Amino acid sequence: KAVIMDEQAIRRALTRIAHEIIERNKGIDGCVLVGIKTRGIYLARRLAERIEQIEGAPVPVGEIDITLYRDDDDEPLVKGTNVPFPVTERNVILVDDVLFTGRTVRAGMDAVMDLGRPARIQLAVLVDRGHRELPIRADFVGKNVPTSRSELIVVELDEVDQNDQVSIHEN
Amino acid sequence: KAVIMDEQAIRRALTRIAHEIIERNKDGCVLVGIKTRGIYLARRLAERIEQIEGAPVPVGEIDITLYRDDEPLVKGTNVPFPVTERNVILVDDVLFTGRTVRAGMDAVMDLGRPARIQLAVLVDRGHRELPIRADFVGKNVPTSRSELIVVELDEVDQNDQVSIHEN
Amino acid sequence: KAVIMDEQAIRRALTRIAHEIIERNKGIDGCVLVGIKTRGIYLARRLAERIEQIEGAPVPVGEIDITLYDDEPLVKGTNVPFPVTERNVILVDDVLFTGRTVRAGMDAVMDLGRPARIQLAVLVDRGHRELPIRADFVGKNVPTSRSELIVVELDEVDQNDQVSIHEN
Amino acid sequence: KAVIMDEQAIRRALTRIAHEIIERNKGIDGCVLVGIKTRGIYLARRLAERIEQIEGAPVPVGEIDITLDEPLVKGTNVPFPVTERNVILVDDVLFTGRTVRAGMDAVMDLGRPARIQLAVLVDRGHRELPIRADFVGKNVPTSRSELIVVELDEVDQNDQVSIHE
Ligand SMILES: O=c1ccn([C@@H]2O[C@H](COP(=O)(O)O)[C@@H](O)[C@H]2O)c(=O)[nH]1
Ligand SMILES: O=c1ccn([C@@H]2O[C@H](COP(=O)(O)O)[C@@H](O)[C@H]2O)c(=O)[nH]1
Ligand SMILES: O=c1ccn([C@@H]2O[C@H](COP(=O)(O)O)[C@@H](O)[C@H]2O)c(=O)[nH]1
Ligand SMILES: O=c1ccn([C@@H]2O[C@H](COP(=O)(O)O)[C@@H](O)[C@H]2O)c(=O)[nH]1
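- What the deposited record gives as its method is X-ray crystallography, and the resolution it gives is 2.50 Å.

Quick word on the overall build of chain D
At step 1: The helix and strand tally for chain D stands at four helices and nine strands.
At step 2: Going from N to C terminus, chain D has its helices and strands arranged as β-α-β-α-β-β-β-α-β-β-β-α-β.
At step 3: On C-alpha atoms alone, chain D measures out to a radius of gyration of 15 Å, which is about the 15 Å that the 2.2 N^0.38 rule sets for 165 residues.
At step 4: Seen through its principal axes, chain D has C-alpha atoms that stretch 45 × 35 × 25 Å.
At step 5: The proportion of buried residues among the 165 residues of chain D is 56%.
At step 6: With an accessible surface of roughly 7200 Å², chain D has 43% of that area assigned to carbon and sulfur atoms.
At step 7: Side-chain charges of chain D comprise 22 positive and 27 negative groups, with the mean position of each set lying 4 Å from the other.

Concerning the side chain of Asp125(C)
At step 1: As for its position among the elements, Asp125(C) is in strand 6 (residues 117–125).
At step 2: Once you skip the residues sitting within four places of it in the chain, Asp125(C) turns out to touch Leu96(C), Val138(C), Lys140(C), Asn141(C) and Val142(C).

Structural notes on the site of ligand 2
All names here are of chain B.
At step 1: Neighbouring ligand 2 are the residues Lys35, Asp92, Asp93, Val94, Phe96, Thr97, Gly98, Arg99, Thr100, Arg125, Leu148 and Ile149.
At step 2: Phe96 is positioned such that a nitrogen or oxygen atom in its backbone is 3.0 Å from an oxygen atom of ligand 2.
At step 3: Between ligand 2 and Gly98, the relevant distance is 2.6 Å, taken from an oxygen atom to a main-chain nitrogen or oxygen of the residue.
At step 4: Here ligand 2 loses 83% of its free accessible area of 460 Å² to cover by the protein chains.

A short note on the side chain of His19(D)
At step 1: Tracing the backbone through its elements, the reader meets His19(D) in helix 1 (residues 7–25).
At step 2: The exposure class of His19(D) is buried, given its relative accessible area of 13%.
At step 3: Among the polar contacts listed, one links the side chain of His19(D) to the backbone oxygen of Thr15(D), at a separation of 3.0 Å.
At step 4: Apart from the residues lying within four places of it in its own chain, the contact partners of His19(D) are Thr15(B), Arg16(B), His19(B) and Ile54(D).

Some points on unusual backbone geometry
At step 1: We note that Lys26(A) has phi near 55°; this positive angle belongs to a residue other than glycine.
At step 2: Secondary-structure assignment places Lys26(A) in the loop between helix 1 (7–24) and strand 2 (31–36).
At step 3: Residue classification places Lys26(A) among the exposed residues on the basis of a relative accessible area of 69%.
At step 4: Its identity is not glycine, yet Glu86(C) carries a phi of approximately 65°, on the positive side.
At step 5: Relative to the elements of secondary structure, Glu86(C) occurs in the loop between strand 4 (73–79) and strand 5 (88–96).
At step 6: Classification of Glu86(C) by relative accessible area gives exposed; the value is 66%.

Structural notes on the sheet that holds strand 9 (residues 161–166) of chain B
Residues and elements named next belong to chain B.
At step 1: Overall, antiparallel pairing links the three strands, which are arranged 1-9-8 in an open sheet. The sheet is open, and its two borders are formed by strand 1 (2–5) and strand 8 (147–152), each paired with just one other strand. Strand-to-strand twist in this sheet, taken as the mean axis angle between neighbours without regard to direction, amounts to 30°.

Re the environment of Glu55(D)
At step 1: For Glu55(D), the location among the structural elements is in helix 2 (residues 37–55).
At step 2: Residue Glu55(D) is classed as partly exposed on the basis of its relative accessible area of 27%.
At step 3: Residues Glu55(D) and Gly35(D) lie 20 residues apart in sequence; the distance between their C-alpha atoms is 20 Å.
At step 4: In contact with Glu55(D), not counting residues within four places along its chain, are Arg11(B), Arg12(B), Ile22(D) and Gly27(D).

Remarks on the interface of chain D and chain C
Reports often express the size of an interface as the amount of accessible area lost when the parts come together.
At step 1: Facing 19 residues of chain D, the contacting portion of chain C comprises 20 residues.
At step 2: The largest share of the area that chain D buries against chain C comes from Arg101(D), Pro130(D) and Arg132(D), three residues that together contribute 31% of it.
At step 3: For the pair chain D and chain C, the interface holds three salt bridges.
At step 4: Here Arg101(D) makes a salt bridge to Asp107(C), at a shortest N to O gap of 2.6 Å.
At step 5: Contributing elements (two or more residues each) for the side of chain D that touches chain C: helix 3 (98–110) and strand 6 (115–123) of chain D.
At step 6: Of all the elements, helix 3 of chain D adds the most residues to the side of chain D that touches chain C, at five residues.
At step 7: Class assignment for the residues of the side of chain D that touches chain C results in nine nonpolar, no polar and ten charged.

Comments concerning the site of ligand 4
Residues and elements named next belong to chain D.
At step 1: Every residue near ligand 4 is listed here: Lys37, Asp91, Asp92, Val93, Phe95, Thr96, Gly97, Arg98, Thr99, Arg124, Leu147 and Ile148.
At step 2: The backbone of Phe95 places a nitrogen or oxygen atom 3.0 Å from an oxygen atom of ligand 4.
At step 3: For ligand 4, a nitrogen atom lies 2.9 Å from a polar atom in the backbone of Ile148.
At step 4: Here ligand 4, which alone exposes 450 Å², has 83% of that area covered by the protein.
At step 5: Counting residues per element, the ones that place at least two in the shell around ligand 4 are strand 5 (86–94), helix 3 and strand 8 (147–151).
At step 6: If you tally residues by element for the shell around ligand 4, the top one is strand 5, at three residues.
At step 7: A per-class count over the shell around ligand 4 returns four nonpolar, three polar and five charged.

Notes on the environment of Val84(C)
At step 1: With respect to the element layout, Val84(C) can be found in the loop between strand 4 and strand 5.
At step 2: If near-sequence neighbours (up to four positions away) are discounted, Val84(C) is found in contact with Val89(C), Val109(C), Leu112(C), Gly113(C), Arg114(C) and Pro115(C).

Parameters and conventions
- Residues numbered from 1 in each chain as written, not as in the entry; some residues may be left out.
- Chains lettered and ligands numbered in written order.
- Heavy atoms only, no water.
- Helix = DSSP H or I, 4+ residues; strand = E, 2+ residues; numbered from the N terminus.
- Rg over C-alpha atoms; globule rule 2.2 N^0.38 Å.
- Buried < 20%, exposed > 50% of the residue type's maximum accessible area, 1.4 Å probe, protein only.
- Areas by Shrake-Rupley, 256 points an atom, 1.4 Å probe, with all protein chains shown as cover.
- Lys, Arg positive; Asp, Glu negative; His and termini not counted.
- Charge placed at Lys NZ, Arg CZ, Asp CG, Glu CD.
- Contact = heavy atoms within 4.5 Å.
- Near = heavy atom within 4 Å.
- Polar contact = N/O pair within 3.5 Å; in protein donor to acceptor, adjacent residues only side chain to side chain.
- Pairing = 2+ DSSP bridges.
- Axes fitted to C-alpha atoms, helices over the stretch in contact; angles between N-to-C directions.
- Buried area = accessible area lost by both parts, 1.4 Å probe.
- Salt bridge = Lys/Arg side-chain N within 4 Å of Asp/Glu carboxyl O.
- Nonpolar A, V, L, I, M, F, W, Y, C, P; charged D, E, K, R; others polar.

Right, dumping it as structure tokens:
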């Protein structure tokens, strides 16, 4: 095990991502955040808080539930959605903690597309660890973390582990 | 209305892309072309790779098009090999919003369970509307929304050329 | 000509750069800002103010005067009133084009001392690099043709904040 | 301590970089290669041989001798003009970027090139100056403490790249 981001690094990466989202969309008009799974939902909320602070207006947040990577043959499935607003003609930013193969994000993208025809779908992740297996990229990235295939990235968030931290495990 | 790649620039981009594919994809990989122009580039890429490595590369086809209330949809496929556990490289002429590549990716996923899907395009013109990127890119060409990129290939236009139009 | 950034877009880009600078360096300990030319100096000061607001300690600012005599740019003078040795120096300029101005500025900093790191922040990167130089922090990437020109107007000296493209 | 590129991976990377050099410059007109230090010179010769095979014209090759703890230029054996040329510097590894900046200064003392570009076999990160390669064989992430070692046939009698310490 080793620690690769601490609470401060995380706070700092999220704050920069928020500015980038506002910058790239010329304000938050028409933007919604949709979080993926538990940790993604927590990050999307954090991102929404910060953007409200910065711009003075709130950002809607939505949820998508997808099967687990960890706690094993797999192909991830959307269990459910909780998006209580329209997505058509909106700029939807998916949020997740780690981008690995990209297969989870693709399922989240499909779920949004079943709900509506958004203008744009964008992606924000806290960690991009490589090993992509689909042609998918994040628009906003907190840290690029190289890894070997056998390593694991674990993101601890305050809302459930009571410390904010990112670390690598050898497996 | 300007020419931005000529026959020689196109030849040089494809030859570099073929070497990149081999480097990254060191066995085999397969090529699946999208629409008429994407199928011609995949064939060209396959031919270059056999010349460089001495083995053939299988090539597959996806036919895509548009229908009314907008999104592109898959008409048919001709992939005469299994895609399961394979490294599939989608090929198209231009990456724009990314919606066409997403339909092609979806078609490959119906056929099988590949190990990997990668993307090679001759031109990436920006204005992505989905979170999609190309692994291999011939040229990044900035454009405004109102411009259009037109790729002409020997096989059907009898001149190899890439140009920008407005409208 | 056309307008590609306005006062609000510029403000948002500088605010974001300031947060990236802090993030990348894990706080501003040991960091100094050195602006290049008139417009680069103004941007370095703005960045310094923002960083202070964000982080509560000030950032020293320095200046380098580059003047023009392929007409190669030359360092006229410097006013860096602190040491640069073992510091992280962030050069600041208006527009990154061929990279030749930044290379002179880099050469000036290396005469003054031996820094730990030299980094670069620019408001606009317009391409056409002629030396192997890149910016660490970029406000906006703006594609251009060789013949076009990027003009940055800052409040301090033009009374309007904006960036625009001209031809010839 | 691992092998990160083998002889075949090196061969392929150089072949690809050569095609990228021709593409980016639309042929080799006005292009010269200047290698840095011993290993950079060997790579520049290899690149030049590869480009001649591909385009059927030779590419001149120059040498810059750099030493050490500021790296500084001990020698410059560039027997052609550089003014208005497209000069591609070549080295084995890009680390802090300080060696490449000394090579860039040495070329600028010789004349005014149209362009200076950079080709390296390995880019290992940890830049300390705002410098990047145009052409890169492999991006290899590393920690500050690790070391990249490049072995070439001409002087080590094996072609290989590895990570050390
Ligand atoms: O090292 C990893 C890899 C994957 N995941 C989880 O799986 C998804 C990413 O894997 P993939 O679908 O991109 O392969 C994310 O939701 C992430 O939470 C991790 O938490 N850590
Ligand atoms: O400027 C353009 C835009 C689109 N297309 C064609 O339409 C699709 C555009 O992709 P997208 O907007 O769905 O990414 C591709 O098949 C491509 O052949 C072009 O040829 N040029
Ligand atoms: O389109 C341009 C080109 C150059 N410059 C000015 O010249 C320098 C950048 O040119 P270069 O030396 O990077 O080519 C900067 O100081 C910038 O202020 C511009 O403002 N706009
Ligand atoms: O891991 C390393 C680091 C440096 N160097 C050598 O020293 C210079 C390092 O570059 P830099 O620290 O000057 O960027 C290059 O010539 C290279 O030959 C290596 O070979 N491997």
